[PDB]
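J.: Have a peek at query14.cif (mmCIF, N, CA and C atoms and all ligand atoms).
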```cif
data_start
loop_
_atom_site.label_atom_id
_atom_site.label_comp_id
_atom_site.auth_asym_id
_atom_site.auth_seq_id
_atom_site.Cartn_x
_atom_site.Cartn_y
_atom_site.Cartn_z
N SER A 2 -11.33 -10.65 10.11
CA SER A 2 -10.94 -9.21 10.01
C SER A 2 -10.25 -8.93 8.67
N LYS A 3 -10.32 -7.68 8.22
CA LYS A 3 -9.69 -7.28 6.96
C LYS A 3 -8.17 -7.34 7.12
N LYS A 4 -7.48 -7.69 6.03
CA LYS A 4 -6.01 -7.80 6.03
C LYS A 4 -5.34 -6.72 5.17
N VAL A 5 -4.36 -6.03 5.74
CA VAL A 5 -3.64 -4.95 5.04
C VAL A 5 -2.17 -5.31 4.86
N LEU A 6 -1.69 -5.22 3.62
CA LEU A 6 -0.27 -5.39 3.34
C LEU A 6 0.39 -4.01 3.32
N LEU A 7 1.39 -3.83 4.18
CA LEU A 7 2.10 -2.56 4.31
C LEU A 7 3.50 -2.71 3.74
N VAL A 8 3.80 -1.93 2.71
CA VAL A 8 5.06 -2.07 1.98
C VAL A 8 5.82 -0.76 2.11
N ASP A 9 6.93 -0.76 2.84
CA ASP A 9 7.77 0.44 3.01
C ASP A 9 9.14 0.01 3.55
N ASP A 10 10.21 0.61 3.05
CA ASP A 10 11.56 0.21 3.49
C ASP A 10 12.00 0.80 4.82
N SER A 11 11.16 1.66 5.40
CA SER A 11 11.38 2.17 6.75
C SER A 11 10.52 1.42 7.78
N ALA A 12 11.13 0.50 8.54
CA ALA A 12 10.40 -0.20 9.58
C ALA A 12 9.71 0.75 10.58
N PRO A 13 10.38 1.87 10.97
CA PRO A 13 9.68 2.80 11.88
C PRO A 13 8.36 3.36 11.30
N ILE A 14 8.34 3.68 10.00
CA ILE A 14 7.10 4.05 9.33
C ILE A 14 6.05 2.92 9.35
N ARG A 15 6.47 1.69 9.03
CA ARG A 15 5.55 0.55 9.02
C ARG A 15 4.93 0.34 10.40
N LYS A 16 5.75 0.44 11.43
CA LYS A 16 5.28 0.28 12.80
C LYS A 16 4.23 1.32 13.20
N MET A 17 4.46 2.57 12.82
CA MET A 17 3.52 3.66 13.07
C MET A 17 2.17 3.40 12.39
N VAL A 18 2.22 3.07 11.10
CA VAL A 18 1.01 2.79 10.32
C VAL A 18 0.28 1.53 10.84
N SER A 19 1.05 0.50 11.20
CA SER A 19 0.50 -0.75 11.73
C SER A 19 -0.31 -0.50 12.99
N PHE A 20 0.22 0.33 13.89
CA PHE A 20 -0.48 0.67 15.13
C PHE A 20 -1.88 1.24 14.85
N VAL A 21 -1.97 2.18 13.90
CA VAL A 21 -3.24 2.78 13.50
C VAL A 21 -4.21 1.74 12.91
N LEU A 22 -3.68 0.85 12.06
CA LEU A 22 -4.51 -0.20 11.47
C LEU A 22 -4.99 -1.20 12.52
N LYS A 23 -4.09 -1.59 13.42
CA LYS A 23 -4.43 -2.59 14.45
C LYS A 23 -5.45 -2.04 15.44
N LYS A 24 -5.43 -0.73 15.65
CA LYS A 24 -6.39 -0.06 16.52
C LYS A 24 -7.83 -0.21 15.99
N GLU A 25 -7.97 -0.30 14.67
CA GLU A 25 -9.27 -0.55 14.03
C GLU A 25 -9.62 -2.03 13.93
N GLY A 26 -8.69 -2.89 14.34
CA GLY A 26 -8.92 -4.32 14.36
C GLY A 26 -8.48 -5.06 13.11
N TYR A 27 -7.75 -4.38 12.22
CA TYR A 27 -7.25 -5.01 10.99
C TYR A 27 -6.00 -5.83 11.27
N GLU A 28 -5.80 -6.88 10.48
CA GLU A 28 -4.57 -7.67 10.50
C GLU A 28 -3.60 -7.01 9.54
N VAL A 29 -2.32 -7.05 9.90
CA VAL A 29 -1.29 -6.32 9.17
C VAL A 29 -0.19 -7.29 8.76
N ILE A 30 0.15 -7.27 7.47
CA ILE A 30 1.25 -8.04 6.91
C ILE A 30 2.25 -7.01 6.38
N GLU A 31 3.53 -7.17 6.71
CA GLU A 31 4.55 -6.19 6.32
C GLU A 31 5.51 -6.68 5.24
N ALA A 32 6.06 -5.73 4.49
CA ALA A 32 7.10 -6.01 3.48
C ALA A 32 8.06 -4.84 3.40
N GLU A 33 9.36 -5.15 3.37
CA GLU A 33 10.39 -4.10 3.39
C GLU A 33 10.74 -3.55 2.01
N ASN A 34 10.39 -4.28 0.96
CA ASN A 34 10.59 -3.76 -0.39
C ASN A 34 9.58 -4.39 -1.36
N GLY A 35 9.62 -3.98 -2.62
CA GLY A 35 8.61 -4.42 -3.59
C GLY A 35 8.69 -5.90 -3.92
N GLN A 36 9.93 -6.41 -3.97
CA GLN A 36 10.17 -7.83 -4.27
C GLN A 36 9.59 -8.71 -3.15
N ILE A 37 9.91 -8.37 -1.90
CA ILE A 37 9.36 -9.06 -0.73
C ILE A 37 7.81 -9.02 -0.77
N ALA A 38 7.26 -7.85 -1.10
CA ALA A 38 5.80 -7.69 -1.23
C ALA A 38 5.17 -8.68 -2.23
N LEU A 39 5.73 -8.75 -3.44
CA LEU A 39 5.18 -9.66 -4.47
C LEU A 39 5.35 -11.12 -4.07
N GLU A 40 6.47 -11.45 -3.42
CA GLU A 40 6.67 -12.80 -2.87
C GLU A 40 5.57 -13.19 -1.90
N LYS A 41 5.21 -12.29 -0.99
CA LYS A 41 4.18 -12.58 -0.01
C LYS A 41 2.81 -12.68 -0.68
N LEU A 42 2.60 -11.88 -1.72
CA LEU A 42 1.36 -11.89 -2.51
C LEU A 42 1.13 -13.17 -3.31
N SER A 43 2.16 -13.98 -3.49
CA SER A 43 1.99 -15.28 -4.14
C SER A 43 1.18 -16.22 -3.25
N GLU A 44 1.20 -15.95 -1.94
CA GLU A 44 0.70 -16.86 -0.93
C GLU A 44 -0.58 -16.41 -0.21
N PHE A 45 -0.95 -15.15 -0.38
CA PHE A 45 -2.18 -14.64 0.24
C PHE A 45 -2.71 -13.44 -0.55
N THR A 46 -3.97 -13.10 -0.29
CA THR A 46 -4.64 -11.97 -0.93
C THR A 46 -5.14 -10.98 0.14
N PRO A 47 -4.47 -9.83 0.29
CA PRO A 47 -4.98 -8.85 1.26
C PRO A 47 -6.19 -8.10 0.72
N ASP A 48 -6.89 -7.42 1.61
CA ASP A 48 -8.01 -6.55 1.26
C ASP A 48 -7.56 -5.16 0.81
N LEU A 49 -6.34 -4.78 1.19
CA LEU A 49 -5.81 -3.45 0.88
C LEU A 49 -4.29 -3.50 0.92
N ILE A 50 -3.65 -2.68 0.08
CA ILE A 50 -2.18 -2.57 0.06
C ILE A 50 -1.85 -1.09 0.29
N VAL A 51 -0.92 -0.83 1.20
CA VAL A 51 -0.37 0.52 1.41
C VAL A 51 1.08 0.45 0.94
N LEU A 52 1.42 1.31 -0.01
CA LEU A 52 2.61 1.13 -0.85
C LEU A 52 3.48 2.38 -0.95
N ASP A 53 4.72 2.27 -0.49
CA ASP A 53 5.72 3.33 -0.57
C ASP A 53 6.26 3.33 -2.01
N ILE A 54 6.86 4.44 -2.44
CA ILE A 54 7.49 4.52 -3.76
C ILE A 54 8.99 4.20 -3.71
N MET A 55 9.76 4.95 -2.92
CA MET A 55 11.22 4.81 -2.89
C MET A 55 11.66 3.66 -2.00
N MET A 56 12.15 2.59 -2.62
CA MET A 56 12.55 1.38 -1.91
C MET A 56 13.67 0.71 -2.69
N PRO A 57 14.61 0.07 -1.97
CA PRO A 57 15.66 -0.72 -2.63
C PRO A 57 15.05 -1.97 -3.28
N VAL A 58 15.80 -2.57 -4.22
CA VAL A 58 15.44 -3.84 -4.89
C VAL A 58 14.31 -3.69 -5.93
N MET A 59 13.15 -3.20 -5.48
CA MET A 59 12.03 -2.92 -6.36
C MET A 59 11.23 -1.79 -5.76
N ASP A 60 11.08 -0.72 -6.53
CA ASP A 60 10.33 0.48 -6.13
C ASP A 60 8.83 0.30 -6.31
N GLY A 61 8.07 1.27 -5.79
CA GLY A 61 6.60 1.18 -5.78
C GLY A 61 5.94 1.29 -7.14
N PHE A 62 6.54 2.05 -8.06
CA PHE A 62 6.01 2.09 -9.44
C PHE A 62 6.07 0.71 -10.09
N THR A 63 7.21 0.03 -9.94
CA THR A 63 7.36 -1.32 -10.47
C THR A 63 6.39 -2.28 -9.81
N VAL A 64 6.20 -2.15 -8.50
CA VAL A 64 5.12 -2.92 -7.85
C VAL A 64 3.77 -2.71 -8.52
N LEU A 65 3.38 -1.46 -8.76
CA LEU A 65 2.08 -1.20 -9.38
C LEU A 65 1.95 -1.88 -10.73
N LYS A 66 3.03 -1.85 -11.51
CA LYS A 66 3.08 -2.52 -12.83
C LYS A 66 2.86 -4.02 -12.68
N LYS A 67 3.51 -4.63 -11.69
CA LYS A 67 3.37 -6.07 -11.46
C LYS A 67 1.99 -6.47 -10.92
N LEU A 68 1.37 -5.60 -10.13
CA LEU A 68 0.04 -5.90 -9.60
C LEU A 68 -1.00 -6.02 -10.71
N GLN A 69 -0.80 -5.26 -11.78
CA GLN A 69 -1.71 -5.27 -12.93
C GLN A 69 -1.56 -6.54 -13.76
N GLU A 70 -0.46 -7.26 -13.57
CA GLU A 70 -0.18 -8.44 -14.38
C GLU A 70 -0.74 -9.74 -13.79
N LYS A 71 -1.58 -9.64 -12.77
CA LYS A 71 -2.23 -10.82 -12.22
C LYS A 71 -3.69 -10.55 -11.88
N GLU A 72 -4.58 -11.41 -12.39
CA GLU A 72 -6.02 -11.28 -12.15
C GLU A 72 -6.39 -11.09 -10.67
N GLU A 73 -5.80 -11.92 -9.81
CA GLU A 73 -6.09 -11.88 -8.36
C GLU A 73 -5.46 -10.70 -7.62
N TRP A 74 -4.57 -9.97 -8.30
CA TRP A 74 -3.88 -8.82 -7.71
C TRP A 74 -4.43 -7.51 -8.19
N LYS A 75 -4.87 -7.47 -9.45
CA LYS A 75 -5.20 -6.20 -10.09
C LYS A 75 -6.37 -5.49 -9.42
N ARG A 76 -7.23 -6.26 -8.73
CA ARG A 76 -8.43 -5.70 -8.12
C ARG A 76 -8.24 -5.23 -6.66
N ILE A 77 -7.07 -5.49 -6.08
CA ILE A 77 -6.80 -5.07 -4.68
C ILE A 77 -6.59 -3.56 -4.66
N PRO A 78 -7.37 -2.82 -3.83
CA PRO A 78 -7.14 -1.37 -3.81
C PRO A 78 -5.78 -1.04 -3.22
N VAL A 79 -5.07 -0.09 -3.84
CA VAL A 79 -3.75 0.34 -3.36
C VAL A 79 -3.78 1.81 -2.97
N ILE A 80 -3.34 2.12 -1.74
CA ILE A 80 -3.05 3.50 -1.34
C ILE A 80 -1.54 3.66 -1.42
N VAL A 81 -1.08 4.62 -2.21
CA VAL A 81 0.33 4.93 -2.23
C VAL A 81 0.57 5.92 -1.10
N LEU A 82 1.57 5.65 -0.27
CA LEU A 82 1.92 6.55 0.82
C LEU A 82 3.40 6.86 0.68
N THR A 83 3.72 8.11 0.35
CA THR A 83 5.05 8.42 -0.14
C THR A 83 5.53 9.83 0.20
N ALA A 84 6.84 9.95 0.38
CA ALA A 84 7.51 11.23 0.57
C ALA A 84 7.65 12.00 -0.75
N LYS A 85 7.45 11.33 -1.89
CA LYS A 85 7.43 11.99 -3.21
C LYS A 85 6.20 12.88 -3.35
N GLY A 86 6.41 14.19 -3.30
CA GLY A 86 5.31 15.15 -3.26
C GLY A 86 4.89 15.73 -4.60
N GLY A 87 5.59 15.36 -5.66
CA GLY A 87 5.39 15.95 -6.99
C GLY A 87 4.07 15.58 -7.63
N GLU A 88 3.47 16.53 -8.34
CA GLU A 88 2.28 16.23 -9.14
C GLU A 88 2.56 15.12 -10.18
N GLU A 89 3.80 15.04 -10.66
CA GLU A 89 4.18 14.03 -11.65
C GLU A 89 4.24 12.62 -11.04
N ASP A 90 4.72 12.54 -9.80
CA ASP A 90 4.78 11.25 -9.09
C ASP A 90 3.37 10.72 -8.86
N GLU A 91 2.46 11.62 -8.47
CA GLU A 91 1.06 11.26 -8.25
C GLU A 91 0.46 10.80 -9.58
N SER A 92 0.76 11.53 -10.66
CA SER A 92 0.20 11.18 -11.95
C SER A 92 0.58 9.76 -12.35
N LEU A 93 1.85 9.42 -12.20
CA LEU A 93 2.33 8.09 -12.61
C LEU A 93 1.69 7.00 -11.75
N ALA A 94 1.65 7.21 -10.44
CA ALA A 94 1.03 6.19 -9.57
C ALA A 94 -0.43 5.92 -9.95
N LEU A 95 -1.19 6.98 -10.16
CA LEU A 95 -2.59 6.85 -10.57
C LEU A 95 -2.72 6.19 -11.94
N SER A 96 -1.86 6.56 -12.88
CA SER A 96 -1.87 5.96 -14.23
C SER A 96 -1.58 4.46 -14.20
N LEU A 97 -0.78 4.04 -13.22
CA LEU A 97 -0.43 2.63 -13.05
C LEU A 97 -1.43 1.85 -12.19
N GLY A 98 -2.46 2.53 -11.69
CA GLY A 98 -3.59 1.84 -11.07
C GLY A 98 -3.84 2.09 -9.59
N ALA A 99 -3.00 2.92 -8.96
CA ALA A 99 -3.21 3.22 -7.54
C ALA A 99 -4.54 3.91 -7.37
N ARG A 100 -5.21 3.63 -6.26
CA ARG A 100 -6.49 4.29 -5.98
C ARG A 100 -6.33 5.70 -5.45
N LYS A 101 -5.33 5.92 -4.60
CA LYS A 101 -5.11 7.21 -3.96
C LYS A 101 -3.61 7.36 -3.76
N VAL A 102 -3.12 8.59 -3.89
CA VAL A 102 -1.75 8.92 -3.50
C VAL A 102 -1.81 9.85 -2.30
N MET A 103 -1.21 9.39 -1.21
CA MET A 103 -1.13 10.15 0.02
C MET A 103 0.33 10.50 0.29
N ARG A 104 0.58 11.74 0.71
CA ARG A 104 1.95 12.20 0.95
C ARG A 104 2.30 12.09 2.42
N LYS A 105 3.53 11.66 2.71
CA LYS A 105 4.12 11.85 4.01
C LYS A 105 4.44 13.37 4.06
N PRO A 106 4.34 14.01 5.25
CA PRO A 106 4.14 13.48 6.58
C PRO A 106 2.78 12.82 6.80
N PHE A 107 2.83 11.66 7.46
CA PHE A 107 1.69 10.79 7.72
C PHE A 107 0.71 11.38 8.73
N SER A 108 -0.58 11.34 8.42
CA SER A 108 -1.61 11.68 9.41
C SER A 108 -2.48 10.43 9.65
N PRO A 109 -2.47 9.88 10.89
CA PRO A 109 -3.34 8.71 11.14
C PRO A 109 -4.83 8.97 10.89
N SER A 110 -5.30 10.19 11.20
CA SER A 110 -6.72 10.51 10.98
C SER A 110 -7.08 10.55 9.50
N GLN A 111 -6.23 11.20 8.70
CA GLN A 111 -6.46 11.29 7.27
C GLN A 111 -6.39 9.89 6.67
N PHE A 112 -5.39 9.14 7.12
CA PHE A 112 -5.14 7.80 6.62
C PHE A 112 -6.31 6.85 6.89
N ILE A 113 -6.75 6.78 8.14
CA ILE A 113 -7.80 5.82 8.49
C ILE A 113 -9.15 6.12 7.81
N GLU A 114 -9.46 7.39 7.59
CA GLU A 114 -10.67 7.74 6.83
C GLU A 114 -10.63 7.13 5.42
N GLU A 115 -9.48 7.25 4.76
CA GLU A 115 -9.30 6.71 3.42
C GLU A 115 -9.32 5.18 3.43
N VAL A 116 -8.66 4.59 4.43
CA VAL A 116 -8.64 3.12 4.54
C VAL A 116 -10.06 2.56 4.70
N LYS A 117 -10.81 3.12 5.65
CA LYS A 117 -12.21 2.72 5.83
C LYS A 117 -13.04 2.93 4.58
N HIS A 118 -12.86 4.07 3.92
CA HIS A 118 -13.58 4.34 2.68
C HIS A 118 -13.35 3.27 1.64
N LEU A 119 -12.09 2.92 1.41
CA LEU A 119 -11.74 1.93 0.38
C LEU A 119 -12.15 0.52 0.75
N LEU A 120 -12.05 0.17 2.02
CA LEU A 120 -12.46 -1.16 2.48
C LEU A 120 -13.98 -1.33 2.41
N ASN A 121 -14.71 -0.21 2.46
CA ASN A 121 -16.20 -0.24 2.41
C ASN A 121 -16.78 0.09 1.03
N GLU A 122 -15.93 0.10 0.02
CA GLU A 122 -16.35 0.29 -1.35
C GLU A 122 -17.33 -0.81 -1.78
MG MG B 201 10.93 4.45 1.06
#
```
For the structure just supplied, provide its representation as structure tokens.
Ligand SMILES: [Mg+2]

T.:
Amino acid sequence: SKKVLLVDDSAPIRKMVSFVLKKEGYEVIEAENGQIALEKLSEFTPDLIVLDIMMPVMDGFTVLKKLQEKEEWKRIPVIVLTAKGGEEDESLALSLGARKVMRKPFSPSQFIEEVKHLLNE
């Protein structure tokens, strides 16, 4: 089954998103901040990353910068899922390599369509 890394400092958000992913039969790996995410990425390669922006220790923009600095990481599709609604926040995430920027409030239907689309690229 496809593996998804979910990176967000709100466990309740991760749990909600995980339920939607698990319903499609995907395996889910979680991370509470950007540093924890990169640590886990040293040891495995997911098929997709779902990435929050505002997080303690290391934010999502810094994560995107670090993903570009490794051959085995740079090709993993990233969906940014964030409460940052600004056109400027979206611009920066896309410039740093994110495939899509999705805004909270979260929609499982909108989300899963995008996840399936990217996994079937
Ligand atoms: Mg956050």

J.: Please, what distance in Å, to one decimal, runs between CA of residue 119 (chain A) and CA of residue 97 (chain A)?

T.: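 The value is 17.6 Å.
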
J.: Rank A:87, A:118, A:112, A:36 by their smallest atom-to-atom distance to residue 63 (chain A), using all atoms listed in the file, and report the top residue only.

T.: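 The shortest atom-to-atom distance to residue 63 (chain A) comes from A:36.
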
J.: Calculate how many Å separate atom C of residue 70 (chain A) from atom C of residue 100 (chain A), rounding to one decimal.

T.: 18.4 Å

J.: If you run DSSP on this backbone, which residues of chain A come out as strand (DSSP E), and could you give them as a list in words?

T.: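 Written out, the strand (DSSP E) residues of chain A are residues 4, 5, 6, 7, 8, 28, 29, 30, 31, 32, 49, 50, 51, 52, 79, 80, 81, 82, 83, 101, 102, 103 and 104 of chain A.
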
J.: With ligand MG 201 (chain B) as the partner and 5 Å as the cut-off, tabulate the residues of chain A that qualify, each row holding the nearest pair of atoms and their distance in Å to one decimal, using only N, CA and C atoms and all ligand atoms, sorted by chain and rising number, as CSV.

T.:
```
residue,atom,partner,partner_atom,distance
A:10,N,B:MG201,MG,4.4
A:55,C,B:MG201,MG,3.2
A:56,N,B:MG201,MG,4.3
```

J.: Could region 77-93 of chain A be completed with N, CA, C and O atoms and returned as a PDB file, in the coordinates of the input?

T.:
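Saved the output as rebuild.pdb:
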```
ATOM      1  N   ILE A  77      -7.070  -5.490  -6.080  1.00  0.00           N
ATOM      2  CA  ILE A  77      -6.800  -5.070  -4.680  1.00  0.00           C
ATOM      3  C   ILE A  77      -6.590  -3.560  -4.660  1.00  0.00           C
ATOM      4  O   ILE A  77      -5.746  -3.051  -5.408  1.00  0.00           O
ATOM      5  N   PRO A  78      -7.370  -2.820  -3.830  1.00  0.00           N
ATOM      6  CA  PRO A  78      -7.140  -1.370  -3.810  1.00  0.00           C
ATOM      7  C   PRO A  78      -5.780  -1.040  -3.220  1.00  0.00           C
ATOM      8  O   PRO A  78      -5.373  -1.656  -2.220  1.00  0.00           O
ATOM      9  N   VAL A  79      -5.070  -0.090  -3.840  1.00  0.00           N
ATOM     10  CA  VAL A  79      -3.750   0.340  -3.360  1.00  0.00           C
ATOM     11  C   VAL A  79      -3.780   1.810  -2.970  1.00  0.00           C
ATOM     12  O   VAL A  79      -4.219   2.654  -3.750  1.00  0.00           O
ATOM     13  N   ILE A  80      -3.340   2.120  -1.740  1.00  0.00           N
ATOM     14  CA  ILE A  80      -3.050   3.500  -1.340  1.00  0.00           C
ATOM     15  C   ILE A  80      -1.540   3.660  -1.420  1.00  0.00           C
ATOM     16  O   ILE A  80      -0.802   2.923  -0.765  1.00  0.00           O
ATOM     17  N   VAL A  81      -1.080   4.620  -2.210  1.00  0.00           N
ATOM     18  CA  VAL A  81       0.330   4.930  -2.230  1.00  0.00           C
ATOM     19  C   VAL A  81       0.570   5.920  -1.100  1.00  0.00           C
ATOM     20  O   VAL A  81      -0.174   6.897  -0.966  1.00  0.00           O
ATOM     21  N   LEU A  82       1.570   5.650  -0.270  1.00  0.00           N
ATOM     22  CA  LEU A  82       1.920   6.550   0.820  1.00  0.00           C
ATOM     23  C   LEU A  82       3.400   6.860   0.680  1.00  0.00           C
ATOM     24  O   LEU A  82       4.244   5.976   0.860  1.00  0.00           O
ATOM     25  N   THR A  83       3.720   8.110   0.350  1.00  0.00           N
ATOM     26  CA  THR A  83       5.050   8.420  -0.140  1.00  0.00           C
ATOM     27  C   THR A  83       5.530   9.830   0.200  1.00  0.00           C
ATOM     28  O   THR A  83       4.732  10.760   0.308  1.00  0.00           O
ATOM     29  N   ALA A  84       6.840   9.950   0.380  1.00  0.00           N
ATOM     30  CA  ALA A  84       7.510  11.230   0.570  1.00  0.00           C
ATOM     31  C   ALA A  84       7.650  12.000  -0.750  1.00  0.00           C
ATOM     32  O   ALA A  84       7.976  13.188  -0.719  1.00  0.00           O
ATOM     33  N   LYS A  85       7.450  11.330  -1.890  1.00  0.00           N
ATOM     34  CA  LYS A  85       7.430  11.990  -3.210  1.00  0.00           C
ATOM     35  C   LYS A  85       6.200  12.880  -3.350  1.00  0.00           C
ATOM     36  O   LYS A  85       5.082  12.384  -3.508  1.00  0.00           O
ATOM     37  N   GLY A  86       6.410  14.190  -3.300  1.00  0.00           N
ATOM     38  CA  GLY A  86       5.310  15.150  -3.260  1.00  0.00           C
ATOM     39  C   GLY A  86       4.890  15.730  -4.600  1.00  0.00           C
ATOM     40  O   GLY A  86       3.925  16.506  -4.660  1.00  0.00           O
ATOM     41  N   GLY A  87       5.590  15.360  -5.660  1.00  0.00           N
ATOM     42  CA  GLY A  87       5.390  15.950  -6.990  1.00  0.00           C
ATOM     43  C   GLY A  87       4.070  15.580  -7.630  1.00  0.00           C
ATOM     44  O   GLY A  87       3.602  14.446  -7.513  1.00  0.00           O
ATOM     45  N   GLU A  88       3.470  16.530  -8.340  1.00  0.00           N
ATOM     46  CA  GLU A  88       2.280  16.230  -9.140  1.00  0.00           C
ATOM     47  C   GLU A  88       2.560  15.120 -10.180  1.00  0.00           C
ATOM     48  O   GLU A  88       1.665  14.322 -10.506  1.00  0.00           O
ATOM     49  N   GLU A  89       3.800  15.040 -10.660  1.00  0.00           N
ATOM     50  CA  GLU A  89       4.180  14.030 -11.650  1.00  0.00           C
ATOM     51  C   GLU A  89       4.240  12.620 -11.040  1.00  0.00           C
ATOM     52  O   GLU A  89       3.865  11.647 -11.677  1.00  0.00           O
ATOM     53  N   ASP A  90       4.720  12.540  -9.800  1.00  0.00           N
ATOM     54  CA  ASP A  90       4.780  11.250  -9.090  1.00  0.00           C
ATOM     55  C   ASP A  90       3.370  10.720  -8.860  1.00  0.00           C
ATOM     56  O   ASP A  90       3.123   9.521  -9.034  1.00  0.00           O
ATOM     57  N   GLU A  91       2.460  11.620  -8.470  1.00  0.00           N
ATOM     58  CA  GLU A  91       1.060  11.260  -8.250  1.00  0.00           C
ATOM     59  C   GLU A  91       0.460  10.800  -9.580  1.00  0.00           C
ATOM     60  O   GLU A  91      -0.248   9.802  -9.621  1.00  0.00           O
ATOM     61  N   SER A  92       0.760  11.530 -10.660  1.00  0.00           N
ATOM     62  CA  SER A  92       0.200  11.180 -11.950  1.00  0.00           C
ATOM     63  C   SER A  92       0.580   9.760 -12.350  1.00  0.00           C
ATOM     64  O   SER A  92      -0.278   9.005 -12.797  1.00  0.00           O
ATOM     65  N   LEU A  93       1.850   9.420 -12.200  1.00  0.00           N
ATOM     66  CA  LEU A  93       2.330   8.090 -12.610  1.00  0.00           C
ATOM     67  C   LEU A  93       1.690   7.000 -11.750  1.00  0.00           C
ATOM     68  O   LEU A  93       1.210   6.001 -12.269  1.00  0.00           O
TER      69      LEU A  93
END
```
